[PDB]
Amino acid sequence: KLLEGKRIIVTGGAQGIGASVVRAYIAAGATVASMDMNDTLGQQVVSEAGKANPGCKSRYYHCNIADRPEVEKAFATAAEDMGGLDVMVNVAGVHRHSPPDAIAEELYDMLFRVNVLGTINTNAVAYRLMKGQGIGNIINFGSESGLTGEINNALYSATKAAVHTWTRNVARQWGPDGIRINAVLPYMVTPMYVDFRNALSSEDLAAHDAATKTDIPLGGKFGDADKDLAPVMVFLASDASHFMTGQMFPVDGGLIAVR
């Protein structure tokens, strides 16, 4: 199996993209420490993924990535359970649209706290746990929105831009210690996307589908996490990516292009 024996922490494992990474990594033979704040859903994901891979080694841990003391304790417990730490994937994040001239301070604080401080905390604690062994792999979740982003989405776009540059910067600082840090930019169907589609009128939905068909060269549709994103996540976590760091990996059928 491509990730046989790898010791991986995945944050945001209770739903959507994060849950698809947990499933993908468990199926690839990794020992997976899934973390989230929704304990019932988080465990449910780990339990169902185990059913499909009998005998897997996995555990769920409660963790608020915005609270550094919590990250420190949870990450250290996971690394102890696994015997070490090879990869840390930070999928936890929050989404919220807003006209850019009407952003309440509380909204700004929440989005940056989870998307940016969460990245900083998880990356920092993972770095400290991996430094001693001279090798490590940190995978952050960026976004196509971090490049420019959509109408009524400047706030979220700004948070992901921060993650992109953070990733590029720490890659240079931690590379000499053997730690690689990259960012994934996925464009996949998620519960929130389905909810969005379900609340649109038939007219608005046909419009979105036609615009998405033109915007996504490969297939003209949002991807499927298990089918389109999982294989890339496995490559990134695997030893195959050991000579790449500070890069952005768009898994979006061509929606955007790095430059």
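A residue's number is simply how far along the shown sequence it sits, counting from 1.
Visitor: For the C-alpha atoms alone, is the average B factor greater in 94-102 or in 150-158, going by the entry?
Guide: Per the PDB record, 94-102.
Visitor: Mean C-alpha B factor from the entry: is it higher for 24-32 or for 211-219?
Guide: Averaging CA B-factors over each stretch, the winner is 211-219.
Visitor: Would you mind checking where the Cα B-factor of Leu2 ranks among the modelled residues of its chain, as the lowest, middle or highest third?
Guide: Answer is highest: the recorded C-alpha B-factor places it there.
Visitor: What third of the chain does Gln15 rank in for C-alpha temperature factor, lowest, middle or highest?
Guide: Highest third - that is where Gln15 ends up once the chain's C-alpha B-factors are sorted.
Visitor: Lowest, middle or highest third of the chain for the C-alpha temperature factor of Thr77?
Guide: Its C-alpha B-factor belongs to the middle third of this chain's values.
Visitor: Looking at the C-alpha B-factor of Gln173, is it in the lowest, middle or highest third of its chain?
Guide: It falls in the middle third of the chain.
Visitor: What third of its chain's C-alpha B-factors does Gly142 belong to: lowest, middle or highest?
Guide: Ranked within chain, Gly142 CA B lands in the lowest tercile.
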